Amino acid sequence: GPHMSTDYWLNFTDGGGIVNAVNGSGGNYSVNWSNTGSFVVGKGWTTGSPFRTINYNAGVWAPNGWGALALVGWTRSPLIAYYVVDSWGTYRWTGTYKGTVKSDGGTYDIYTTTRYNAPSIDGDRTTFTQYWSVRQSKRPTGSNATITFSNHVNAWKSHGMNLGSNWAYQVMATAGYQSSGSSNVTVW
């Protein structure tokens, strides 16, 4: 797989509440958020790859409510958002259950959902399918961790979940919805 450090900084908020993101040095970033709408912040790559290995270390992981410490990315053709969720806050991300995949010392549940009239890389009010791998139990944080994304791509394919042909961003993110928290993450 590719061996390139990060080149992309993502800082998205729909404007609800407070999302105080810091674009740190190298692969490092932090977020403190409060009473938010929908947001996603992270570091990664402008063009995703199905062969990338993402390394990270979350030195601070302190979400509440809906929060996700997750690989986040998109394809176009078709427009699909995907997620590999290693940890979360109060509520565990789920959807339509498809199966499981083992990767990087964890077992992940595979889900699909669909969003309507929602923000995406194509506009503020769009419809798109979402593919999820969600760890069955929260991954420990504070030590170096790996996501071998190809294992997820392959398992998704085995359940009829095919990604699009045009790769957009691919980041190791802090995402949340209607919540509050803190994170500090370094990505490579």
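Counting begins at 1, following the sequence as shown.
Trainee: Pick between 142 to 150 and 157 to 165: the one whose mean CA B-factor in the entry is higher.
Mentor: Here the higher of the two C-alpha B-factor means belongs to 157 to 165.
Trainee: Using the B-factors recorded in the PDB entry, average over the C-alpha atoms of 84 to 92 and of 111 to 119, then report which stretch comes out higher.
Mentor: The deposited B-factors put 111 to 119 ahead on the C-alpha mean.
Trainee: Can you tell me which of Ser133, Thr127, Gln136, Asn57 has the maximum CA B-factor listed in the PDB entry?
Mentor: If I rank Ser133, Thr127, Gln136, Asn57 by C-alpha B-factor, first place goes to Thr127.
Trainee: What third of the chain does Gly65 rank in for C-alpha temperature factor, lowest, middle or highest?
Mentor: According to the entry, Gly65 has a C-alpha B-factor in the chain's highest third.
Trainee: Could you tell me which third, lowest, middle or highest, the C-alpha B-factor of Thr47 occupies within its chain?
Mentor: Highest third - that is where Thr47 ends up once the chain's C-alpha B-factors are sorted.
Trainee: Just say lowest, middle or highest third for the CA B-factor of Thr53 relative to the other modelled residues in its chain.
Mentor: Ranked within chain, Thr53 CA B lands in the highest tercile.
Trainee: Please rank the C-alpha B-factors of the chain's modelled residues and tell me whether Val72 sits in the lowest, middle or highest third.
Mentor: According to the entry, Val72 has a C-alpha B-factor in the chain's lowest third.
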